[PDB]
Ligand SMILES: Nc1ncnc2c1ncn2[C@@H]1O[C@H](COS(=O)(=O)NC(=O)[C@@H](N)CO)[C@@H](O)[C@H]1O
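Next up is one chain by itself, shown in structure tokens, the form deposited without the ligand.
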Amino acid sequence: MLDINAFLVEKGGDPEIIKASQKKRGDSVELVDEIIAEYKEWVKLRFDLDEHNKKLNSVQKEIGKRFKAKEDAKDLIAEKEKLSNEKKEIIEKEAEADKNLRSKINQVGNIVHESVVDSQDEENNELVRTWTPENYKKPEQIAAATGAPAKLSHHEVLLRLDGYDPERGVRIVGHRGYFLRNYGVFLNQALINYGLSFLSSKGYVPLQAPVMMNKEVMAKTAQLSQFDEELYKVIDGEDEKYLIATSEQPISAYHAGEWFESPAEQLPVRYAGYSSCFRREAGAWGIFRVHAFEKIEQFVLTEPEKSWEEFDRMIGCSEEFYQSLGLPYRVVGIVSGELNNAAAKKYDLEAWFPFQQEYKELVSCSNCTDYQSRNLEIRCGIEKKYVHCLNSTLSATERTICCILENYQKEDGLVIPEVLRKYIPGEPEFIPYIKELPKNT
């Protein structure tokens, strides 16, 4: 969340900027005035507590004196007990005010970066750049890597290759359930390992995260909507944890409570996160939108002064990865009304799906500045200064497989993307269709 002082003009803050941001987000603007008002009540309580402390200390000294002189102190004792009973009430109120103030601040989104387009409608997303492989004329219903008619959807290609089983998957785990089979498995592993090797060659540290997280830690990195909507809860006898939606969650907390005190030397720290991911929300057929999938994630901590440059570097890394796979794409700047609480700015890389004949999101890249690091107490250098946290998908692997399937299909099977070959037993350049589909021409 934002610093309490950001709301307080008298403490160098900028509440007007927070109001403008709230408005761009399409979120409550009144919340800002409410926070400021509650802050003043909290301050009044603190003053009142301090005055009671001093009066109490004072009447204590008098009682000591009274007893020393062997004089009755009933009057002072009465005053003491009254001041004491008032102090009790004030302590309770201060605690309540502090709690409610923190809950309110927690509802306010990060300050939307000035570059972001102000709109609630994704039709207004910024077209940042477009890339095509140089031998792919234009995005159309043609497989980019083969020049073949993009005749089959990703689900159909995968079925014909016998690379997954949605029917047995649904029987065993329900909605959108699936097994991967034979080359479906090898392709998924190839993307995971290629992804880890690609990032490690860029100095990222491979990090495989646990897929369960304690509630209290998760709550510090993820917004409310995410719990009562997005995350599966795990029951462990009497205890509960959450399954993660992305390794960004546990990895963001990896350095919680730590301090990069010599940041010129210690930062940036860059992690190639790997984990399975679980989402309660997944809506057609295929492994494009499912409840469980794997992701290689970039997660980076930087000095506050350097996060914007790193943002460009991280999307550049993802772009380079998709270029290496020969997949056409565009990069779009997401409108303000579509940012989650933590993001100050977000670019999506959306790759061309030639059967679908549309660009579909494969990557999101966000600068969350110090919104999470403040909660997680990840300090930077010598109120407090915190690191900036950025996250960017490298590959949601099953979804990336869908894009590969549509772009590498041809009449008799699938061409294997060159960079993935070394990661698959036999280093096949091509794998044939094994099965015909019921519906065909």
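Numbers for residues come from their place in the sequence shown, where the first is 1.
> Please count the deposited residues lying between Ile382 and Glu383 that the model leaves without coordinates, and give the class: none, 1 to 3, 4 to 9, or 10 or more.
Per the record, 4 to 9 deposited residues are absent between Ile382 and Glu383.
> How big is the unmodelled gap, if any, between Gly283 and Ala284 relative to the deposited sequence? Choose none, 1 to 3, 4 to 9, or 10 or more.
4 to 9 residues lack coordinates between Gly283 and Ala284.
> So, looking at the entry's B-factor column for Cα atoms, which has the higher mean, 90 to 98 or 212 to 220?
Taking the mean C-alpha B-factor of 90 to 98 and of 212 to 220, the larger value falls to 90 to 98.
> Which is higher on average in the deposited entry, the C-alpha temperature factors of 42 to 50 or of 389 to 397?
Comparing averages over the C-alpha atoms only gives 42 to 50.
> Which listed residue, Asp162, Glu156, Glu122, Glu319, has the largest C-alpha temperature factor in the record?
Top of the list by C-alpha B-factor: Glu122.
> Comparing recorded Cα B-factors across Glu411, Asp27, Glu406, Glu377, which one is largest?
In the PDB entry, the greatest C-alpha B-factor among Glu411, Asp27, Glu406, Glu377 is found at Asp27.
> Would you mind ranking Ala78 by its C-alpha B-factor against the rest of the chain and naming the third, lowest, middle or highest?
Its C-alpha B-factor belongs to the highest third of this chain's values.
> Name the third of the chain's ranked CA B-factors that contains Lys11, choosing lowest, middle or highest.
Answer is highest: the recorded C-alpha B-factor places it there.
> Looking at the temperature factor on the CA atom of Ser373, which third of the chain's modelled residues does it land in?
Its C-alpha B-factor belongs to the middle third of this chain's values.
> Where does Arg181 sit by CA temperature factor within its chain: lowest, middle or highest third?
Tercile = lowest for this residue's CA B-factor.
> What third of its chain, lowest, middle or highest, does the C-alpha temperature factor of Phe353 fall into?
Lowest third of the chain for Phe353's C-alpha B-factor.
Below, we refer to the form deposited with the ligand bound, which is not included among the displayed structures.
> Only one of these stretches, 111 to 119, 363 to 371, 266 to 274, 211 to 219, has heavy atoms within 4.5 Å of the ligand in the deposited bound form; which one is it?
Among the candidates, contact is made by 363 to 371.
> Please determine whether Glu16 contacts the ligand in the deposited bound form, using a 4.5 Å cut-off between heavy atoms.
Although the ligand is absent here, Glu16 would stay clear of it in the deposited bound form, with no heavy atoms inside 4.5 Å.
> Evaluate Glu418 for contact with the ligand in the deposited bound form, applying a 4.5 angstroms cut-off between non-hydrogen atoms, and reply yes or no.
Within the cut-off, so yes.
> For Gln323, is any heavy atom within 4.5 Å of the ligand in the deposited bound form, or not?
Residue-level check for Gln323: yes, a contact with the ligand.
> Tell me, yes or no, whether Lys306 is in contact with the ligand in the deposited bound form, where a contact means a heavy atom of each within 4.5 Å.
Outside the cut-off, so no.
> Only one of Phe227, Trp131, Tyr254, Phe186 has a non-hydrogen atom within 4.5 angstroms of the ligand in the deposited bound form; which is it?
Of the candidates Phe227, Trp131, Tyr254, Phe186, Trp131 is the one lying within 4.5 Å of the ligand in the deposited bound form.
> Could you work out which of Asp72, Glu92, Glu281, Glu81 is the residue within 4.5 angstroms of the ligand in the deposited bound form, going by heavy atoms?
Contact check passes for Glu281.
> Can you tell me which residues in 235 to 249 come within 4.5 angstroms of the ligand in the deposited bound form, by heavy atoms?
Residues within 4.5 Å: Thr246, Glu248.
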